[PDB]
Protein chains: 2
Amino acid sequence: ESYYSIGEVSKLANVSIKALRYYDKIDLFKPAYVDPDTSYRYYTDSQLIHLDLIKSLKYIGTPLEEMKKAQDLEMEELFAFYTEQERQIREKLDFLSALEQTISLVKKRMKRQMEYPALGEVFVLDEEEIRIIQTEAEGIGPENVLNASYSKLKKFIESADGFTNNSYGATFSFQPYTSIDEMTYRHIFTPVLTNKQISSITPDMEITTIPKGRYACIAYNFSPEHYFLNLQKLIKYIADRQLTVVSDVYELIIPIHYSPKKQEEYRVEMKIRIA
Amino acid sequence: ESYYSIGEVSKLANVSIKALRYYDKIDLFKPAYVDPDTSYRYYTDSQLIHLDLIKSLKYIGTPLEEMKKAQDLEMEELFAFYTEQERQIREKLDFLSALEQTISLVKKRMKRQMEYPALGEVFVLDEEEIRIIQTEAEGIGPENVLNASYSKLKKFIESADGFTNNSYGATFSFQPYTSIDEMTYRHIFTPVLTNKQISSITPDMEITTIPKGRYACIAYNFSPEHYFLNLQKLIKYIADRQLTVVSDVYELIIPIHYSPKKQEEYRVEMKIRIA
DNA sequence: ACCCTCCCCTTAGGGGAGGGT
DNA sequence: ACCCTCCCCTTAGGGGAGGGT
Ligand code: 118
Ligand code: 118
Ligand code: 118
Ligand code: 118
Ligand SMILES: [Zn+2]
Ligand SMILES: [Zn+2]
């Protein structure tokens, strides 16, 4: 006849008093006997074995609440249980692994923004392909455009990436605009990350890309009086070197800070493909 | 000038009112203006952009609490952040993957208990190798043995597997015992699962195995009056067919139910290797 | 129809006091 | 020394009422 003080138990089955104390109250693991005089908790050498399954269970991560009926069942039962437990583990797994990738996609995209060497002048390079989706921007000028203008397409991205548009886009025609009001938005995208089956795409959105062609682009930080010049100087550029234009302009925007705390600024990126 | 009702916001950035309502209270995302007459919440088309990072952040799984200083930083900052976030994801990952395996080890071991075809008689087969650890059972007889007798070795297993001893063992000498008191425990193990570096092993425990040799074993459900016969009949067996003994007996125990609710019973497994 | 608030639920405990063996 | 209790903390909200536009 071996009987134990709660201490002993907690020392024996590495456990916190408060833990077991509340396991008693959880009714999962009550002591073999409470001294109705001193409210003290005493357990029997028997009991301990019960502590295994819970340790286990809690290890895996199953609410004590479930651990409740968890005990009751016998082997062929618990076995299936334990497997159900694996379909679970085996689930969250590949879920996150995704993110893992997902981010590693984002990051790269991020760094490639900082890696811009010429802030303010034309950059001309070899770019990669852009899985993106847009709608046709019915009327909206760079002066019109909002965010509420994004809803749908947004609702969509997150619905197939979990991750929202960090990047914001719209395309527009290539012309020697006199003014800003001289240009009105064509299509307005969002960059897609996942290569998963984007389905349920309501036909109002098209699903395509920015090819892996040549680009003559330039970046900066938006400023009204700014934006324009930069576009101007873009125009000049091609017009000068005379290169052959092959798409529209991809002025794409991304914020630099996300702080409510202050004045929102962001980096801009008008780019044009050419051959 | 576009201004929105909380509804709109919740409809626009797929979000729950209560969510944002509490984001305001969290002070993360407060409205652009609260009607000091009607306490109504109004946001600006500006704001929304702020909602991205949080959606994102909450997506990844970062307490809003952290999301707090999360915003404030600028790119080269947030970028590193986002990576720290990946060391995290990239962490929990391989952690669980482990379990995944760990269990798939257990399960198999489990099923191999149900797959016992002859409950009550001798089974003779080709077995696999057993990474296990034990101590030398100083005196303890099958009559002595407890659980408190396990502590250490137990403390250890969980400390290197997360998972506790589902299986319980002890070895003992091979002899034609007259009685139960005629046998006293030699070594008393616990089966090790992980193939990881079990270190800090205080020299009081040895780390070895049950080989992949031949076994003449039998199982059942313990019962005092029982246990004995079964051992007896084991003895008989070898003595009869005359096979050559090569180790000690591995009577190993495992419970069948873990329910506090009732009378604890368990399946037993005296096994002997022979050539 | 929308919004706003106040309230009371939802895990698994942990720290810390406050008195008693 | 140990135990026991009572209490008040710890996320991210969600349902539901209760009255007001
Ligand atoms: C000899 C053996 C056990 C008890 Sb106890 C007990 C009493 C006071 C303080 C600690 C332990 C006991 C149990 C029920 C009724 C009266 C006394 C006792 C026995 C087994 C398990 C736990 C406690 C007393 C004498
Ligand atoms: C009218 C319409 C949109 C913008 Sb703006 C903007 C707003 C604040 C600070 C900086 C820029 C904008 C317009 C053209 C090109 C780049 C930015 C704007 C951007 C995203 C979402 C909503 C408005 C500006 C005036
Ligand atoms: C024209 C444009 C805006 C407001 Sb309003 C407002 C008032 C009552 C109910 C809903 C909106 C406003 C704001 C501050 C002080 C007085 C009136 C308002 C404007 C921009 C953003 C949010 C609300 C009023 C008239
Ligand atoms: C004295 C010492 C240990 C056991 Sb038992 C045991 C206890 C209750 C119900 C069934 C068995 C036991 C002894 C020899 C072989 C198999 C089981 C026993 C088992 C594990 C831990 C503590 C005691 C029995 C009497
Ligand atoms: Zn078009
Ligand atoms: Zn020895």
# chains A, B, ... in the order shown; residues from 1 in each chain; ligands from 1
>>> interface_residues(of="chain A", to="chain D", cutoff="8 Å", atoms="only C-alpha atoms (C1' of nucleotides)", output="ChimeraX atom specification")
/A:7,39-41
>>> residues_near_ligand(ligand="ligand 2", cutoff="6 Å", atoms="only C-alpha atoms (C1' of nucleotides) and all ligand atoms", output="list in words")
residues 142, 143, 144, 145, 146 and 147 of chain A
>>> interface_residues(of="chain B", to="chain A", cutoff="7 Å", atoms="only C-alpha atoms", output="MDAnalysis selection string")
chainID B and resid 12:14 45 50 52 56 59 71:75 79 86 89:90 93 100 107 146:148 151 155 162:164 256:260
>>> residues_near_ligand(ligand="ligand 6", cutoff="12 Å", atoms="only C-alpha atoms (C1' of nucleotides) and all ligand atoms", output="mmCIF file with N, CA, C and O atoms, in the first residue's frame")
data_model
loop_
_atom_site.group_PDB
_atom_site.id
_atom_site.type_symbol
_atom_site.label_atom_id
_atom_site.label_comp_id
_atom_site.auth_asym_id
_atom_site.auth_seq_id
_atom_site.Cartn_x
_atom_site.Cartn_y
_atom_site.Cartn_z
ATOM 1 N N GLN B 134 16.441 0.629 -19.955
ATOM 2 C CA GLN B 134 16.033 0.098 -18.686
ATOM 3 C C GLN B 134 17.115 0.400 -17.681
ATOM 4 O O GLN B 134 18.165 0.975 -18.006
ATOM 5 N N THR B 135 16.830 -0.008 -16.456
ATOM 6 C CA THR B 135 17.725 0.156 -15.344
ATOM 7 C C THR B 135 17.763 -1.294 -14.782
ATOM 8 O O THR B 135 17.023 -2.189 -15.296
ATOM 9 N N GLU B 136 18.609 -1.554 -13.771
ATOM 10 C CA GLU B 136 18.669 -2.909 -13.196
ATOM 11 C C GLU B 136 17.685 -2.884 -11.999
ATOM 12 O O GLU B 136 17.920 -2.176 -11.015
ATOM 13 N N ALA B 137 16.578 -3.624 -12.115
ATOM 14 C CA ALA B 137 15.547 -3.673 -11.065
ATOM 15 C C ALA B 137 15.950 -4.225 -9.682
ATOM 16 O O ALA B 137 15.537 -5.324 -9.286
ATOM 17 N N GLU B 138 16.744 -3.441 -8.957
ATOM 18 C CA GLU B 138 17.245 -3.803 -7.620
ATOM 19 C C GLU B 138 16.274 -4.446 -6.616
ATOM 20 O O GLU B 138 15.717 -3.764 -5.770
ATOM 21 N N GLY B 139 16.088 -5.760 -6.704
ATOM 22 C CA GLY B 139 15.195 -6.465 -5.783
ATOM 23 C C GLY B 139 13.776 -6.760 -6.304
ATOM 24 O O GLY B 139 13.335 -7.920 -6.269
ATOM 25 N N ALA B 170 10.159 -5.314 -18.172
ATOM 26 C CA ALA B 170 11.118 -5.849 -17.236
ATOM 27 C C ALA B 170 11.489 -7.222 -17.815
ATOM 28 O O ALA B 170 10.670 -7.901 -18.482
ATOM 29 N N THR B 171 12.722 -7.597 -17.563
ATOM 30 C CA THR B 171 13.248 -8.846 -18.004
ATOM 31 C C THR B 171 13.508 -9.650 -16.760
ATOM 32 O O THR B 171 13.571 -9.094 -15.635
ATOM 33 N N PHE B 172 13.660 -10.958 -16.953
ATOM 34 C CA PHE B 172 13.919 -11.849 -15.858
ATOM 35 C C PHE B 172 14.468 -13.054 -16.452
ATOM 36 O O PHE B 172 14.218 -13.333 -17.633
ATOM 37 N N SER B 173 15.235 -13.753 -15.618
ATOM 38 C CA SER B 173 15.944 -14.996 -15.917
ATOM 39 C C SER B 173 15.090 -16.172 -16.393
ATOM 40 O O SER B 173 13.901 -16.308 -16.025
ATOM 41 N N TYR B 185 12.728 -9.734 -10.377
ATOM 42 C CA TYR B 185 13.113 -8.900 -11.541
ATOM 43 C C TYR B 185 14.584 -8.505 -11.766
ATOM 44 O O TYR B 185 15.276 -8.086 -10.831
ATOM 45 N N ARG B 186 15.043 -8.631 -13.015
ATOM 46 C CA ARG B 186 16.433 -8.296 -13.368
ATOM 47 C C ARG B 186 16.643 -6.855 -13.814
ATOM 48 O O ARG B 186 17.258 -6.032 -13.120
ATOM 49 N N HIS B 187 16.129 -6.582 -14.999
ATOM 50 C CA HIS B 187 16.220 -5.280 -15.605
ATOM 51 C C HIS B 187 14.814 -4.865 -15.888
ATOM 52 O O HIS B 187 13.954 -5.684 -16.061
ATOM 53 N N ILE B 188 14.556 -3.582 -15.930
ATOM 54 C CA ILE B 188 13.190 -3.118 -16.211
ATOM 55 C C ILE B 188 13.149 -1.921 -17.227
ATOM 56 O O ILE B 188 13.439 -0.792 -16.907
ATOM 57 N N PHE B 189 12.811 -2.229 -18.464
ATOM 58 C CA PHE B 189 12.773 -1.252 -19.519
ATOM 59 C C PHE B 189 11.547 -0.373 -19.823
ATOM 60 O O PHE B 189 10.588 -0.257 -19.080
ATOM 61 N N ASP B 204 22.981 5.518 -14.959
ATOM 62 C CA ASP B 204 22.202 4.558 -14.188
ATOM 63 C C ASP B 204 21.278 3.755 -15.152
ATOM 64 O O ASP B 204 20.728 2.688 -14.822
ATOM 65 N N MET B 205 21.133 4.287 -16.354
ATOM 66 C CA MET B 205 20.342 3.664 -17.348
ATOM 67 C C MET B 205 21.284 3.294 -18.429
ATOM 68 O O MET B 205 22.266 4.007 -18.688
ATOM 69 N N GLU B 206 21.017 2.153 -19.021
ATOM 70 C CA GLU B 206 21.713 1.634 -20.150
ATOM 71 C C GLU B 206 20.776 1.836 -21.308
ATOM 72 O O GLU B 206 19.559 1.846 -21.142
ATOM 73 N N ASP B 248 16.562 -13.525 -21.900
ATOM 74 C CA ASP B 248 15.733 -13.647 -20.729
ATOM 75 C C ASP B 248 14.341 -13.491 -21.221
ATOM 76 O O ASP B 248 14.069 -13.319 -22.415
#
>>> residues_around(residues="range 227-237 of chain A", least_positions_apart="5", cutoff="8 Å", atoms="only C-alpha atoms (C1' of nucleotides)", output="ChimeraX atom specification")
/A:120-122,175-176,180,216-218,222,242,270
>>> write_last_selection(atoms="C-alpha atoms", output="PDB file, in the first residue's frame")
ATOM      1  CA  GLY A 120      13.944  58.161 -60.384  1.00  0.00           C
ATOM      2  CA  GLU A 121      15.427  57.013 -63.679  1.00  0.00           C
ATOM      3  CA  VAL A 122      14.797  54.344 -66.302  1.00  0.00           C
ATOM      4  CA  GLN A 175       0.479  57.428 -75.426  1.00  0.00           C
ATOM      5  CA  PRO A 176       2.179  60.835 -75.207  1.00  0.00           C
ATOM      6  CA  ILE A 180      -3.064  63.200 -66.401  1.00  0.00           C
ATOM      7  CA  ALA A 216      11.755  49.630 -69.591  1.00  0.00           C
ATOM      8  CA  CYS A 217      10.520  50.764 -66.270  1.00  0.00           C
ATOM      9  CA  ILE A 218      11.240  53.233 -63.549  1.00  0.00           C
ATOM     10  CA  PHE A 222       4.391  58.577 -55.574  1.00  0.00           C
ATOM     11  CA  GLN A 242      13.147  54.420 -80.449  1.00  0.00           C
ATOM     12  CA  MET A 270       5.256  52.266 -64.342  1.00  0.00           C
TER      13      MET A 270
END
>>> residues_near_ligand(ligand="ligand 1", cutoff="8 Å", atoms="only C-alpha atoms (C1' of nucleotides) and all ligand atoms", output="PyMOL selection string")
chain A and resi 1-4+32-33+35+42-44
>>> atom_distance(atom1="CA of residue 275 in chain A", atom2="CA of residue 215 in chain A")
8.5 Å
>>> select_by_dssp(residues="range 25-241 of chain B", states="strand (DSSP E)", output="PyMOL selection string")
chain B and resi 33-34+41-44+123-126+132-136+168-169+187-191+206-208+214-217+220-221
>>> write_last_selection(atoms="N, CA, C and O atoms", output="tab-separated table (two decimals), in the first residue's frame")
chain	number	residue	atom	x	y	z
B	33	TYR	N	-13.62	58.17	-38.17
B	33	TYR	CA	-14.43	59.12	-37.45
B	33	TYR	C	-15.64	58.47	-36.83
B	33	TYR	O	-16.36	57.68	-37.48
B	34	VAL	N	-15.85	58.80	-35.55
B	34	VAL	CA	-16.97	58.30	-34.75
B	34	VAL	C	-17.92	59.48	-34.58
B	34	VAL	O	-17.52	60.55	-34.10
B	41	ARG	N	-19.64	54.27	-36.51
B	41	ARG	CA	-18.25	54.18	-37.01
B	41	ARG	C	-18.09	54.41	-38.53
B	41	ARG	O	-18.69	53.71	-39.37
B	42	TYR	N	-17.26	55.40	-38.87
B	42	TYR	CA	-17.01	55.74	-40.26
B	42	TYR	C	-15.58	55.70	-40.60
B	42	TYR	O	-14.74	56.27	-39.90
B	43	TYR	N	-15.29	55.03	-41.70
B	43	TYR	CA	-13.95	54.90	-42.16
B	43	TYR	C	-13.77	55.56	-43.50
B	43	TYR	O	-14.72	55.81	-44.22
B	44	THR	N	-12.52	55.85	-43.82
B	44	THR	CA	-12.20	56.45	-45.09
B	44	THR	C	-11.57	55.38	-46.09
B	44	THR	O	-10.92	54.36	-45.66
B	123	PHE	N	3.11	-18.56	-29.52
B	123	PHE	CA	3.28	-17.95	-30.82
B	123	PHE	C	4.81	-18.00	-31.01
B	123	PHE	O	5.58	-17.75	-30.07
B	124	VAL	N	5.25	-18.34	-32.20
B	124	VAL	CA	6.68	-18.44	-32.46
B	124	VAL	C	7.07	-17.78	-33.78
B	124	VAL	O	6.80	-18.29	-34.89
B	125	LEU	N	7.72	-16.63	-33.67
B	125	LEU	CA	8.09	-15.95	-34.87
B	125	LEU	C	9.38	-15.19	-34.98
B	125	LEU	O	10.29	-15.24	-34.12
B	126	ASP	N	9.40	-14.46	-36.11
B	126	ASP	CA	10.49	-13.61	-36.53
B	126	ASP	C	10.03	-12.23	-36.14
B	126	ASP	O	9.01	-11.72	-36.63
B	132	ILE	N	15.14	0.28	-26.73
B	132	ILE	CA	14.58	0.39	-25.39
B	132	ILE	C	15.66	0.78	-24.32
B	132	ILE	O	16.87	0.64	-24.52
B	133	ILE	N	15.20	1.25	-23.19
B	133	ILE	CA	16.11	1.61	-22.14
B	133	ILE	C	15.55	1.06	-20.83
B	133	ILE	O	14.35	1.03	-20.61
B	134	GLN	N	16.44	0.63	-19.95
B	134	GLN	CA	16.03	0.10	-18.69
B	134	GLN	C	17.11	0.40	-17.68
B	134	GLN	O	18.17	0.97	-18.01
B	135	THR	N	16.83	-0.01	-16.46
B	135	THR	CA	17.72	0.16	-15.34
B	135	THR	C	17.76	-1.29	-14.78
B	135	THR	O	17.02	-2.19	-15.30
B	136	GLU	N	18.61	-1.55	-13.77
B	136	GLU	CA	18.67	-2.91	-13.20
B	136	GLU	C	17.68	-2.88	-12.00
B	136	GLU	O	17.92	-2.18	-11.01
B	168	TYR	N	5.27	-1.36	-21.02
B	168	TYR	CA	6.00	-1.40	-19.77
B	168	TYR	C	6.77	-2.70	-19.65
B	168	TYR	O	6.21	-3.76	-19.79
B	169	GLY	N	8.06	-2.63	-19.40
B	169	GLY	CA	8.76	-3.87	-19.31
B	169	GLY	C	9.74	-4.07	-18.22
B	169	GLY	O	10.10	-3.19	-17.47
B	187	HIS	N	16.13	-6.58	-15.00
B	187	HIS	CA	16.22	-5.28	-15.61
B	187	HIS	C	14.81	-4.87	-15.89
B	187	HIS	O	13.95	-5.68	-16.06
B	188	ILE	N	14.56	-3.58	-15.93
B	188	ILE	CA	13.19	-3.12	-16.21
B	188	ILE	C	13.15	-1.92	-17.23
B	188	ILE	O	13.44	-0.79	-16.91
B	189	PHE	N	12.81	-2.23	-18.46
B	189	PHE	CA	12.77	-1.25	-19.52
B	189	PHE	C	11.55	-0.37	-19.82
B	189	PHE	O	10.59	-0.26	-19.08
B	190	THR	N	11.65	0.26	-20.97
B	190	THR	CA	10.68	1.14	-21.52
B	190	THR	C	11.17	1.15	-22.89
B	190	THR	O	12.35	1.16	-23.14
B	191	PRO	N	10.25	1.12	-23.81
B	191	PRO	CA	10.60	1.11	-25.21
B	191	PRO	C	10.84	2.48	-25.78
B	191	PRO	O	10.01	3.37	-25.63
B	206	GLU	N	21.02	2.15	-19.02
B	206	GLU	CA	21.71	1.63	-20.15
B	206	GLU	C	20.78	1.84	-21.31
B	206	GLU	O	19.56	1.85	-21.14
B	207	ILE	N	21.35	2.00	-22.50
B	207	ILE	CA	20.54	2.16	-23.65
B	207	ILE	C	20.68	0.98	-24.63
B	207	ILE	O	21.62	0.95	-25.42
B	208	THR	N	19.75	-0.01	-24.60
B	208	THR	CA	19.90	-1.01	-25.67
B	208	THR	C	18.60	-1.56	-26.29
B	208	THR	O	17.58	-0.85	-26.37
B	214	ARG	N	14.73	-14.73	-32.84
B	214	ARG	CA	13.57	-15.59	-32.84
B	214	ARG	C	12.81	-15.55	-31.52
B	214	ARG	O	13.40	-15.53	-30.47
B	215	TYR	N	11.49	-15.55	-31.57
B	215	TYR	CA	10.75	-15.54	-30.34
B	215	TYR	C	9.65	-16.51	-30.22
B	215	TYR	O	8.91	-16.77	-31.14
B	216	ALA	N	9.60	-17.04	-29.02
B	216	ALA	CA	8.65	-18.00	-28.58
B	216	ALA	C	8.01	-17.23	-27.47
B	216	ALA	O	8.56	-17.10	-26.36
B	217	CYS	N	6.85	-16.69	-27.79
B	217	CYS	CA	6.11	-15.90	-26.85
B	217	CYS	C	4.69	-16.30	-26.86
B	217	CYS	O	4.26	-17.10	-27.69
B	220	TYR	N	-1.77	-12.57	-23.36
B	220	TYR	CA	-3.04	-12.71	-22.71
B	220	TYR	C	-3.31	-11.47	-21.97
B	220	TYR	O	-2.68	-10.46	-22.18
B	221	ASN	N	-4.27	-11.59	-21.08
B	221	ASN	CA	-4.67	-10.50	-20.27
B	221	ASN	C	-4.35	-10.95	-18.90
B	221	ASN	O	-4.84	-11.97	-18.44
>>> select_by_dssp(residues="range 103-199 of chain A", states="helix (DSSP H, G or I)", output="list in words")
residues 103, 104, 105, 106, 107, 108, 109, 110, 111, 112, 113, 114, 151, 152, 153, 154, 155, 156, 157, 158, 159, 160 and 161 of chain A
>>> decode(residues="range 32-45 of chain A", atoms="N, CA and C atoms", output="mmCIF file, in the first residue's frame")
data_model
loop_
_atom_site.group_PDB
_atom_site.id
_atom_site.type_symbol
_atom_site.label_atom_id
_atom_site.label_comp_id
_atom_site.auth_asym_id
_atom_site.auth_seq_id
_atom_site.Cartn_x
_atom_site.Cartn_y
_atom_site.Cartn_z
ATOM 1 N N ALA A 32 -7.329 9.629 -5.646
ATOM 2 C CA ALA A 32 -7.917 8.426 -5.193
ATOM 3 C C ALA A 32 -8.646 8.728 -3.854
ATOM 4 N N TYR A 33 -8.291 9.832 -3.225
ATOM 5 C CA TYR A 33 -8.948 10.142 -1.985
ATOM 6 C C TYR A 33 -8.573 11.514 -1.480
ATOM 7 N N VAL A 34 -9.616 12.256 -1.083
ATOM 8 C CA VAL A 34 -9.490 13.606 -0.547
ATOM 9 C C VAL A 34 -9.775 13.495 0.948
ATOM 10 N N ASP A 35 -8.833 13.944 1.766
ATOM 11 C CA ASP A 35 -8.998 13.888 3.206
ATOM 12 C C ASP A 35 -10.122 14.861 3.592
ATOM 13 N N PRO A 36 -11.298 14.330 3.898
ATOM 14 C CA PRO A 36 -12.454 15.137 4.264
ATOM 15 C C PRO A 36 -12.248 15.922 5.548
ATOM 16 N N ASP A 37 -11.011 16.068 5.950
ATOM 17 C CA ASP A 37 -10.742 16.783 7.134
ATOM 18 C C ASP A 37 -9.821 17.883 6.745
ATOM 19 N N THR A 38 -8.830 17.521 5.960
ATOM 20 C CA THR A 38 -7.822 18.472 5.516
ATOM 21 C C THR A 38 -7.805 18.858 3.997
ATOM 22 N N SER A 39 -8.840 18.410 3.266
ATOM 23 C CA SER A 39 -9.032 18.625 1.814
ATOM 24 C C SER A 39 -7.814 18.261 0.938
ATOM 25 N N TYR A 40 -6.850 17.591 1.570
ATOM 26 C CA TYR A 40 -5.639 17.168 0.938
ATOM 27 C C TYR A 40 -5.904 16.153 -0.168
ATOM 28 N N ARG A 41 -5.038 16.110 -1.183
ATOM 29 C CA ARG A 41 -5.218 15.164 -2.297
ATOM 30 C C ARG A 41 -4.249 13.957 -2.301
ATOM 31 N N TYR A 42 -4.831 12.759 -2.287
ATOM 32 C CA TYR A 42 -4.045 11.530 -2.278
ATOM 33 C C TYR A 42 -4.394 10.632 -3.396
ATOM 34 N N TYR A 43 -3.358 10.168 -4.067
ATOM 35 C CA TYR A 43 -3.532 9.298 -5.179
ATOM 36 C C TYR A 43 -2.916 7.950 -4.909
ATOM 37 N N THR A 44 -3.352 6.965 -5.676
ATOM 38 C CA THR A 44 -2.828 5.633 -5.544
ATOM 39 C C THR A 44 -1.819 5.293 -6.742
ATOM 40 N N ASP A 45 -0.853 4.391 -6.460
ATOM 41 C CA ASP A 45 0.133 3.965 -7.442
ATOM 42 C C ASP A 45 -0.649 3.458 -8.655
#
